[PDB]
Amino acid sequence: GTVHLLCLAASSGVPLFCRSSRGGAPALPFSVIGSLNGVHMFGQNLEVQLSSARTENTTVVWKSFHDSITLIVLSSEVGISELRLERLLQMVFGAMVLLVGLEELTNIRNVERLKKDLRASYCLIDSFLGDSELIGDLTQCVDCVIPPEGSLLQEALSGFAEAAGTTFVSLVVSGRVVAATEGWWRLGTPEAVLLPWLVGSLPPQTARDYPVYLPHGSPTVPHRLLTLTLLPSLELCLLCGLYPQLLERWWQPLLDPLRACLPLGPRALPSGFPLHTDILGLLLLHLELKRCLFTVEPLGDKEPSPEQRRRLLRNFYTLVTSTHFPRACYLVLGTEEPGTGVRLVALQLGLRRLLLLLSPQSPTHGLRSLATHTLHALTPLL
Amino acid sequence: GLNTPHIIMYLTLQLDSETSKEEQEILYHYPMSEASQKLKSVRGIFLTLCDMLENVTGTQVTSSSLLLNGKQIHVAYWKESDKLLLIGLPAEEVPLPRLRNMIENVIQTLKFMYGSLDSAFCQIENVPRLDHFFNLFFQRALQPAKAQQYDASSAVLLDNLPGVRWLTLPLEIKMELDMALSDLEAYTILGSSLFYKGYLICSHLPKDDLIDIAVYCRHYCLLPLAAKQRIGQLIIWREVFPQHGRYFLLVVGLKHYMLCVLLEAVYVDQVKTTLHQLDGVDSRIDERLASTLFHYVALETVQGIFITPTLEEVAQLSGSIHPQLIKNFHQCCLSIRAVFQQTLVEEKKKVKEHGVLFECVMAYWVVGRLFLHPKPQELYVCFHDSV
């Protein structure tokens with residue numbers, strides 16, 4: 001479970017940083033990093049990319065971005081997949097773009113200043129490396145939480161957007177977005193995952209103003225993002241190209257619904273939602289809507305560690321991305337002793353792929369019927 | 001296959017000679033053509049990556065994935081002793097787990113042929129033999145061609161399994177075969193394995209030796225299938241080294257019989273006489289071969305054999321989309337084998353009921369089941385959603 005990430009000056013051949021998450025987030029010889037840089041450059045000159053060089057114990061993935069930056073990963077993770085690493089590199093480059101931008105990343109090469117600009121990115125990068133509570137870094141879909149059946153939340157969000165004169169305003173909880181403007185929804189997928197993730201990774205302050213360069217919206221135009229902490233673990237994201245009082249103008253009468261959805265962050269599911277008792281994990285994916293509903297704790301009895309459940313669901317997704325991309329799958333796993341392990345199910349229907357973790361005692365015969373019923377139940381939600 | 005790049009190469013690892021010519025590095029290189037010159041040039045990154053990853057990681061490189069000229073190329077490594085052996089093929093035809101199984105089989109077959117593969121490649125006299133074998137192997141991997149397609153369609157997994165196509169033997173024919181084989185045993189015979197029409201009809205050989213001999217035959221065109229033209233007189237008498245003094249593989253193919261023997265340090269005449277009296281057993285097995293699980297790939301790894309419906313059965317079972325159904329089965333079985341292969345690595349260090357569902361209108365519901373507590377085995381099944 002050790003990951004060593006590396007970012008390198010492609011043309012210059014000088015290390016940029018070596019953020020590592022060996023044995024968890026808290027965590028290399030110069031000669032070795034020079035060696036991997038040399039093999040990557042030798043591949044580049046010979047017009048042959050280096051996608052992966054997986055070994056028995058580790059696995060590595062190079063990524064030459066804009067022929068200007070070089071990305072390496074050394075993942076000793078058990079059961080690590082190529083797709084997870086590819087998504088990780090793509091999204092970490094998205095993060096680097098967000099923190100700095102297209103300029104100072106391509107073309108002009110800062111020998112030592114770029115160190116200073118990238119110093120701020122380290123928090124986001126090592127939040128990415130660690131086993132966070134979100135999946136947007138894997139599935140490329142923005143992590144969402146169903147609102148407590150309240151359209152008044154969307155109406156108040158729109159009113160706040162009109163009052164602040166900004167079309168990018170979104171209420172996010174614990175890094176998971178519960179409400180957003182239509183412009184925020186239409187905003188590009190890598191930054192769509194990044195922005196709530198960055199907000200969650202940031203320490204809680206009263207109000208924060210930070211510069212961001214949208215990888216698809218505006219890599220050159222330095223947009224400004226305002227985080228308004230109404231209550232801890234829930235924030236308002238105000239993204240515009242300065243001292244608003246409208247938080248108490250609009251959210252003050254909305255305190256009750258906001259408190260209702262306050263615990264929904266980890267819950268990621270409307271309170272008292274009717275679901276089958278065998279379900280221990282929901283990972284609804286709406287690729288058409290580019291959203292993902294990720295509930296990890298509908299029951300803490302079997303596999304009590306939520307981290308274990310999240311790792312299992314992520315590994316299942318990395319194994320099902322090769323198969324899926326009516327069709328369904330199920331990958332009953334665990335110890336060979338009966339009555340242990342888990343049952344992981346996948347269903348694809350109308351760009352509504354869904355992963356189901358089930359109880360170890362869940363019958364294997366009706367797995368597909370259970371998945372169909374769950375998808376029908378969750379269809380109006382997302 | 002001809003256009004797609006493919007390389008077998010044997011660079012000398014940890015070379016300390018300033019003469020960096022390709023001959024100094026490469027000891028053996030079969031293709032030596034346009035499709036391999038690229039990889040011959042890019043061998044430097046292979047060597048450097050192998051040694052660096054051996055340094056940082058306690059394990060050596062098992063697979064490198066290179067996106068060359070817009071197409072994916074998987075190369076499998078092998079470091080043994082100051083030597084490195086590389087096999088690279090495009091991914092879109094052979095997936096990575098298939099490539100790893102293929103390199104395992106190739107190294108096993110080379111060790112079977114010439115013992116220490118270092119002596120296999122260093123020698124120059126055997127270079128034409130290695131070139132012919134690698135030509136046949138590359139053709140098998142990249143060109144499935146050359147009912148005639150069912151074997152090619154399933155060979156994606158059949159070659160992957162550590163077993164041999166086995167036929168459900170009627171008991172009377174079984175004891176007749178055992179009696180015949182015992183008479184044949186009556187140098188030093190270390191066992192045998194008689195095949196019929198490409199089906200392993202009897203096996204007195206140890207599992208490892210039988211698997212080695214069978215994969216050696218599979219790398220060639222010796223083993224037939226689909227009741228090919230009766231093998232005329234192909235008799236092979238070669239030296240082998242099945243990881244156990246001097247050992248010889250004998251094999252006689254007469255009619256549909258593909259009989260093989262292992263000998264330790266004129267026998268052709270006695271084995272021919274033995275199979276001559278077996279002129280009625282083929283008749284007894286013909287109609288048995290002729291005579292809602294739409295497809296099973298039931299396996300027995302401990303025994304080293306597996307059972308699947310015969311081609312006459314699938315011809316009888318041929319339906320609306322069954323020709324596509326079987327190939328869909330056989331390409332999904334590779335992924336099922338890959339996950340089960342991870343589980344097998346976990347087991348041998350000291351998951352079980354995988355399944356998918358298709359509709360490309362009937363619910364195929366192909367499912368791979370694993371058994372470890374009893375005699376370990378794998379079961380790949382098809383069934384409609386009604387059942």
# chains A, B, ... in the order shown; residues from 1 in each chain; ligands from 1
>>> interface_residues(of="chain B", to="chain A", cutoff="6 Å", atoms="only C-alpha atoms", output="PyMOL selection string")
chain B and resi 45+59-68+351-358
>>> write_last_selection(atoms="N, CA, C and O atoms", output="PDB file, in the first residue's frame")
ATOM      1  N   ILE B  45      16.255   0.683 -23.086  1.00  0.00           N
ATOM      2  CA  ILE B  45      15.334   1.006 -22.005  1.00  0.00           C
ATOM      3  C   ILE B  45      14.884  -0.265 -21.309  1.00  0.00           C
ATOM      4  O   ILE B  45      14.681  -0.266 -20.095  1.00  0.00           O
ATOM      5  N   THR B  59      11.363  -7.327  -6.327  1.00  0.00           N
ATOM      6  CA  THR B  59      11.055  -8.246  -7.409  1.00  0.00           C
ATOM      7  C   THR B  59      11.474  -7.646  -8.743  1.00  0.00           C
ATOM      8  O   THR B  59      11.584  -6.427  -8.898  1.00  0.00           O
ATOM      9  N   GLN B  60      11.707  -8.527  -9.711  1.00  0.00           N
ATOM     10  CA  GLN B  60      12.119  -8.104 -11.037  1.00  0.00           C
ATOM     11  C   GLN B  60      10.909  -7.687 -11.868  1.00  0.00           C
ATOM     12  O   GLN B  60       9.754  -7.817 -11.454  1.00  0.00           O
ATOM     13  N   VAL B  61      11.193  -7.176 -13.063  1.00  0.00           N
ATOM     14  CA  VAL B  61      10.137  -6.762 -13.974  1.00  0.00           C
ATOM     15  C   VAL B  61       9.468  -7.994 -14.563  1.00  0.00           C
ATOM     16  O   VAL B  61      10.141  -8.934 -15.004  1.00  0.00           O
ATOM     17  N   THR B  62       8.136  -8.003 -14.564  1.00  0.00           N
ATOM     18  CA  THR B  62       7.388  -9.073 -15.205  1.00  0.00           C
ATOM     19  C   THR B  62       6.697  -8.644 -16.487  1.00  0.00           C
ATOM     20  O   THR B  62       6.397  -9.504 -17.320  1.00  0.00           O
ATOM     21  N   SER B  63       6.437  -7.351 -16.665  1.00  0.00           N
ATOM     22  CA  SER B  63       5.749  -6.871 -17.855  1.00  0.00           C
ATOM     23  C   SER B  63       5.890  -5.365 -18.010  1.00  0.00           C
ATOM     24  O   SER B  63       5.660  -4.611 -17.060  1.00  0.00           O
ATOM     25  N   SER B  64       6.263  -4.919 -19.204  1.00  0.00           N
ATOM     26  CA  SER B  64       6.320  -3.506 -19.539  1.00  0.00           C
ATOM     27  C   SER B  64       5.375  -3.233 -20.700  1.00  0.00           C
ATOM     28  O   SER B  64       5.313  -4.004 -21.662  1.00  0.00           O
ATOM     29  N   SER B  65       4.632  -2.136 -20.599  1.00  0.00           N
ATOM     30  CA  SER B  65       3.607  -1.781 -21.572  1.00  0.00           C
ATOM     31  C   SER B  65       4.041  -0.506 -22.279  1.00  0.00           C
ATOM     32  O   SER B  65       4.050   0.570 -21.673  1.00  0.00           O
ATOM     33  N   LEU B  66       4.382  -0.617 -23.558  1.00  0.00           N
ATOM     34  CA  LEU B  66       4.923   0.493 -24.327  1.00  0.00           C
ATOM     35  C   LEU B  66       3.953   0.859 -25.440  1.00  0.00           C
ATOM     36  O   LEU B  66       3.580   0.005 -26.248  1.00  0.00           O
ATOM     37  N   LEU B  67       3.545   2.124 -25.486  1.00  0.00           N
ATOM     38  CA  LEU B  67       2.672   2.599 -26.558  1.00  0.00           C
ATOM     39  C   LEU B  67       3.562   3.028 -27.715  1.00  0.00           C
ATOM     40  O   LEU B  67       4.035   4.163 -27.781  1.00  0.00           O
ATOM     41  N   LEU B  68       3.800   2.099 -28.637  1.00  0.00           N
ATOM     42  CA  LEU B  68       4.695   2.314 -29.763  1.00  0.00           C
ATOM     43  C   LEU B  68       3.874   2.607 -31.010  1.00  0.00           C
ATOM     44  O   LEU B  68       2.974   1.836 -31.355  1.00  0.00           O
ATOM     45  N   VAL B 351     -13.129 -13.634  -6.477  1.00  0.00           N
ATOM     46  CA  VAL B 351     -12.002 -14.477  -6.113  1.00  0.00           C
ATOM     47  C   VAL B 351     -12.370 -15.943  -6.288  1.00  0.00           C
ATOM     48  O   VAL B 351     -11.575 -16.730  -6.797  1.00  0.00           O
ATOM     49  N   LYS B 352     -13.585 -16.311  -5.884  1.00  0.00           N
ATOM     50  CA  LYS B 352     -13.991 -17.707  -5.879  1.00  0.00           C
ATOM     51  C   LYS B 352     -15.247 -18.012  -6.683  1.00  0.00           C
ATOM     52  O   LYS B 352     -15.410 -19.158  -7.112  1.00  0.00           O
ATOM     53  N   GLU B 353     -16.133 -17.044  -6.894  1.00  0.00           N
ATOM     54  CA  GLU B 353     -17.388 -17.280  -7.603  1.00  0.00           C
ATOM     55  C   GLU B 353     -17.638 -16.159  -8.606  1.00  0.00           C
ATOM     56  O   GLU B 353     -18.710 -15.556  -8.650  1.00  0.00           O
ATOM     57  N   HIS B 354     -16.634 -15.847  -9.418  1.00  0.00           N
ATOM     58  CA  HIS B 354     -16.765 -14.718 -10.326  1.00  0.00           C
ATOM     59  C   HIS B 354     -17.793 -15.027 -11.405  1.00  0.00           C
ATOM     60  O   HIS B 354     -17.985 -16.177 -11.799  1.00  0.00           O
ATOM     61  N   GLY B 355     -18.469 -13.988 -11.876  1.00  0.00           N
ATOM     62  CA  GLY B 355     -19.421 -14.157 -12.954  1.00  0.00           C
ATOM     63  C   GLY B 355     -19.711 -12.843 -13.635  1.00  0.00           C
ATOM     64  O   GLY B 355     -19.529 -11.770 -13.053  1.00  0.00           O
ATOM     65  N   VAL B 356     -20.147 -12.929 -14.887  1.00  0.00           N
ATOM     66  CA  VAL B 356     -20.625 -11.787 -15.641  1.00  0.00           C
ATOM     67  C   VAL B 356     -21.908 -12.192 -16.354  1.00  0.00           C
ATOM     68  O   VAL B 356     -22.370 -13.326 -16.245  1.00  0.00           O
ATOM     69  N   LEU B 357     -22.483 -11.246 -17.087  1.00  0.00           N
ATOM     70  CA  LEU B 357     -23.695 -11.502 -17.845  1.00  0.00           C
ATOM     71  C   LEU B 357     -23.626 -10.714 -19.142  1.00  0.00           C
ATOM     72  O   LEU B 357     -23.187  -9.563 -19.151  1.00  0.00           O
ATOM     73  N   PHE B 358     -24.054 -11.339 -20.231  1.00  0.00           N
ATOM     74  CA  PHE B 358     -24.052 -10.711 -21.540  1.00  0.00           C
ATOM     75  C   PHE B 358     -25.444 -10.759 -22.151  1.00  0.00           C
ATOM     76  O   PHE B 358     -26.313 -11.522 -21.722  1.00  0.00           O
TER      77      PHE B 358
END
>>> select_by_dssp(residues="range 195-344 of chain B", states="strand (DSSP E)", output="ChimeraX atom specification")
/B:195-196,199-203,231-240,247-255,257-264,299-300,305-307
>>> atom_distance(atom1="CA of residue 26 in chain A", atom2="CA of residue 91 in chain A")
20.6 Å
>>> residues_around(residues="residue 278 in chain B", least_positions_apart="3", cutoff="12 Å", atoms="only C-alpha atoms", output="PyMOL selection string")
chain B and resi 173+176-181+183-184+194+196+254-257+259+271-275+281-285
>>> write_last_selection(atoms="C-alpha atoms", output="PDB file, in the first residue's frame")
ATOM      1  CA  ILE B 173     -12.520 -48.563 -22.890  1.00  0.00           C
ATOM      2  CA  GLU B 176      -8.738 -51.570 -22.193  1.00  0.00           C
ATOM      3  CA  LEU B 177      -6.477 -48.529 -22.559  1.00  0.00           C
ATOM      4  CA  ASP B 178      -4.855 -49.166 -19.182  1.00  0.00           C
ATOM      5  CA  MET B 179      -4.188 -52.777 -20.182  1.00  0.00           C
ATOM      6  CA  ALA B 180      -2.705 -51.664 -23.505  1.00  0.00           C
ATOM      7  CA  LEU B 181      -0.481 -49.073 -21.826  1.00  0.00           C
ATOM      8  CA  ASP B 183       1.549 -54.007 -22.058  1.00  0.00           C
ATOM      9  CA  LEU B 184       3.458 -51.187 -23.753  1.00  0.00           C
ATOM     10  CA  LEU B 194      -2.007 -41.652 -25.243  1.00  0.00           C
ATOM     11  CA  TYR B 196      -6.938 -39.684 -29.573  1.00  0.00           C
ATOM     12  CA  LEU B 254      -0.456 -43.501 -36.137  1.00  0.00           C
ATOM     13  CA  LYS B 255      -4.042 -43.087 -37.365  1.00  0.00           C
ATOM     14  CA  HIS B 256      -5.697 -40.777 -34.794  1.00  0.00           C
ATOM     15  CA  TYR B 257      -3.396 -42.012 -32.015  1.00  0.00           C
ATOM     16  CA  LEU B 259       0.989 -41.813 -28.219  1.00  0.00           C
ATOM     17  CA  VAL B 271       5.104 -49.402 -29.522  1.00  0.00           C
ATOM     18  CA  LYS B 272       3.917 -49.819 -33.118  1.00  0.00           C
ATOM     19  CA  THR B 273       2.970 -53.424 -32.373  1.00  0.00           C
ATOM     20  CA  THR B 274       1.199 -52.224 -29.223  1.00  0.00           C
ATOM     21  CA  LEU B 275      -0.917 -49.688 -31.092  1.00  0.00           C
ATOM     22  CA  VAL B 281     -10.834 -49.192 -29.589  1.00  0.00           C
ATOM     23  CA  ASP B 282     -11.096 -46.328 -32.081  1.00  0.00           C
ATOM     24  CA  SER B 283     -14.363 -47.827 -33.316  1.00  0.00           C
ATOM     25  CA  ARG B 284     -15.649 -48.054 -29.740  1.00  0.00           C
ATOM     26  CA  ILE B 285     -14.687 -44.421 -29.101  1.00  0.00           C
TER      27      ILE B 285
END
>>> residues_around(residues="residue 212 in chain A", least_positions_apart="6", cutoff="8 Å", atoms="only C-alpha atoms", output="MDAnalysis selection string")
chainID A and resid 98:101 222:225
>>> atom_distance(atom1="CA of residue 1 in chain B", atom2="CA of residue 142 in chain B")
4.9 Å
>>> closest_residue(among="A:275, A:135, A:311, A:254", to="residue 1 in chain A", atoms="only C-alpha atoms")
A:311
>>> residues_around(residues="residue 192 in chain A", least_positions_apart="3", cutoff="10 Å", atoms="only C-alpha atoms", output="JSON, numbers by chain")
{"A": [136, 140, 141, 142, 143, 177, 184, 185, 186, 187, 188, 189, 195, 196, 197, 214, 215, 216, 290, 291]}
>>> write_last_selection(atoms="C-alpha atoms", output="tab-separated table (two decimals), in the first residue's frame")
chain	number	residue	atom	x	y	z
A	136	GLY	CA	-13.99	11.28	-7.94
A	140	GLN	CA	-13.72	10.89	-13.01
A	141	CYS	CA	-17.29	11.59	-11.87
A	142	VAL	CA	-18.07	14.32	-9.37
A	143	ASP	CA	-19.01	12.98	-5.95
A	177	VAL	CA	-21.29	18.53	-3.77
A	184	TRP	CA	-21.12	24.35	-12.22
A	185	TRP	CA	-22.67	21.09	-13.43
A	186	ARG	CA	-21.65	21.81	-17.03
A	187	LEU	CA	-18.15	22.70	-15.84
A	188	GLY	CA	-15.47	20.34	-17.10
A	189	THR	CA	-15.09	16.94	-15.47
A	195	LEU	CA	-12.68	21.81	-6.94
A	196	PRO	CA	-14.72	20.05	-4.21
A	197	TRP	CA	-11.70	17.83	-3.57
A	214	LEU	CA	-9.56	25.67	-14.88
A	215	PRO	CA	-8.04	22.84	-16.97
A	216	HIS	CA	-10.93	23.10	-19.45
A	290	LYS	CA	-21.30	12.85	-14.97
A	291	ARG	CA	-22.14	12.24	-11.31
>>> closest_residue(among="A:83, A:148, A:158, A:153", to="residue 260 in chain A", atoms="only C-alpha atoms")
A:148
>>> select_by_dssp(residues="range 101-291 of chain B", states="alpha helix (DSSP H)", output="ChimeraX atom specification")
/B:101-114,117-122,127-142,150-158,171-185,207-219,267-276,281-290
>>> closest_residue(among="B:124, B:156, B:39, B:387", to="residue 88 in chain B", atoms="only C-alpha atoms")
B:39
>>> atom_distance(atom1="CA of residue 161 in chain A", atom2="CA of residue 231 in chain A")
19.2 Å
>>> residues_around(residues="residue 340 in chain B", least_positions_apart="3", cutoff="8 Å", atoms="only C-alpha atoms", output="PyMOL selection string")
chain B and resi 336-337+343-344+351-352+370
>>> write_last_selection(atoms="N, CA, C and O atoms", output="CSV table (one decimal), in the first residue's frame")
chain,number,residue,atom,x,y,z
B,336,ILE,N,-11.6,-13.9,-16.5
B,336,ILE,CA,-11.8,-14.7,-15.3
B,336,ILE,C,-10.6,-15.4,-14.9
B,336,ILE,O,-10.3,-15.5,-13.7
B,337,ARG,N,-9.8,-15.9,-15.8
B,337,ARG,CA,-8.6,-16.6,-15.5
B,337,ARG,C,-7.6,-15.6,-14.9
B,337,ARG,O,-6.8,-15.9,-14.0
B,343,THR,N,-5.6,-14.7,-7.6
B,343,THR,CA,-6.0,-15.5,-6.4
B,343,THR,C,-5.0,-16.7,-6.3
B,343,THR,O,-4.7,-17.1,-5.2
B,344,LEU,N,-4.6,-17.2,-7.4
B,344,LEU,CA,-3.7,-18.4,-7.4
B,344,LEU,C,-2.3,-18.0,-6.9
B,344,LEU,O,-1.6,-18.7,-6.2
B,351,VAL,N,-13.1,-13.6,-6.5
B,351,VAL,CA,-12.0,-14.5,-6.1
B,351,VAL,C,-12.4,-15.9,-6.3
B,351,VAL,O,-11.6,-16.7,-6.8
B,352,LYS,N,-13.6,-16.3,-5.9
B,352,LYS,CA,-14.0,-17.7,-5.9
B,352,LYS,C,-15.2,-18.0,-6.7
B,352,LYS,O,-15.4,-19.2,-7.1
B,370,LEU,N,-14.2,-21.3,-8.5
B,370,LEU,CA,-12.9,-21.9,-8.1
B,370,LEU,C,-13.1,-22.7,-6.9
B,370,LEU,O,-13.9,-22.4,-6.0
>>> residues_around(residues="residue 290 in chain B", least_positions_apart="3", cutoff="8 Å", atoms="only C-alpha atoms", output="ChimeraX atom specification")
/B:286-287,312-313
>>> closest_residue(among="B:371, B:195, B:28, B:383", to="residue 118 in chain B", atoms="only C-alpha atoms")
B:28
